[PDB]
C-alpha cells in the first residue's frame, strides 16, 4: 500500500501509480507574484443547503467525511466550472506543528492544515467514472491557520476519539459543510490531480485565498489520530501531506485582484 513514511511516502508513489510524475500533478506552490488575475472568472456557487453527510472514517492516511451524492443536494457550480459537481468527500491534511500541514503552499508558506472538499462532475454519472476524466472533479482546498475556534471543525473534533485508528468510522449525519468555509470565496484555480493515490489528473482545483481559523486546542486534537490500526504501535497521523509538485507549463489564475 502507501502512506507518508520514509518507506511508503510521496517519493515511492510513482512505482504503483506512474502518473505521480505526470504533467498535471497536485498539490503545487501558488506563487502570488506570477499567478494571473482573470477578470472573467465567475464567482464560486456553493449550494450546501440539503447536504447529507453519512460517516466519518480514519482511512489510515487521513480521516474523511463521506456524503450522499445520489442527487444534487450539495453541489459546487460557477467559478471556472461548467455544469454541476456533487460533494462526496471531505479530507483533512495536517502537520505535526503549526508551520506545516497543507499540501498547496502560497509563496512557499505551508498552512497548519488543508481541507479538500472533493466534488465530481454530474455529466460523468459517478465518482469512479469522473476520476477518469480530465474535468471530472472540482476540489475545494481550504487552508487552516491557528486563530479562533471554528464551530464547523468542532463538530469533527468531538468525534475524533471514535476514529482514533485506521479502519474505525462513525455515523456523521447532520454535518453541515458550510461551517468549513471562510468568509471570502475568492480563490485560485489551475488543472491538477488527486493528491493521494491514484493521483489521477482529473481535478479543476479551486484553492480558497482565505484560510479558515482553528484554535490551538482544535489542531492539537487533530494531530491525535493514528495512521496505525488498533493494537499496532502508535504512529500519529501527522504530516500526511504530499509536497508541491512541478507546475510544468500550467497557469494558476486568481479570481481576485
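Values computed for the structure shown
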item	result
Label-point separation, residue 8 to residue 186 (7 Å along Cα→Cβ), nm	4.1
Share, in percent, of DSSP beta bridges within the chain that are antiparallel, nearest 5	80
Theoretical gain in end-to-end length, residue 248 to residue 171 [0.36 nm per residue, Cα-Cα removed]	23.6 nm
Normalised per residue, the volume of the convex hull around the Cα set of the range 60-152 (Å³)	139
Hydrodynamic radius of the chain per Kirkwood, over alpha carbon pairs, in Å	18.3
Cut-off 11 Å, label 7 Å out along Cα→Cβ of residue 210, residues of the range 176-204 by amide N	181-187
Pairwise centroid distance, computed over Cα atoms, of the range 1-45 with the range 59-113, Å	13
Inter-label distance for residue 52 and residue 224, nm, one decimal - labels placed 7 Å from Cα along Cα-to-Cβ	3.3
Highest-first arrangement of 123-129, 238-244, 19-25, where packing means the average Cβ count within 10 Å	238-244, 19-25, 123-129
Expected 222 nm ellipticity per residue - DSSP helices of 4 or more, -39500 (n - 2.57), all of the chain, to 500	-2000 deg cm²/dmol
Chain lengthening between residue 232 and residue 71 when straightened (0.36 nm per residue, less Cα-Cα)	54.0 nm
Simple spin-label estimate for residue 256 and residue 40 in nanometres, 7 Å along Cα-Cβ	2.3
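Since every read-out is calculated from the coordinates, none of them should be taken as a lab result. Note: ideal-geometry Cβ built from the backbone for every residue, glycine included; neighbour counts use all protein chains shown.
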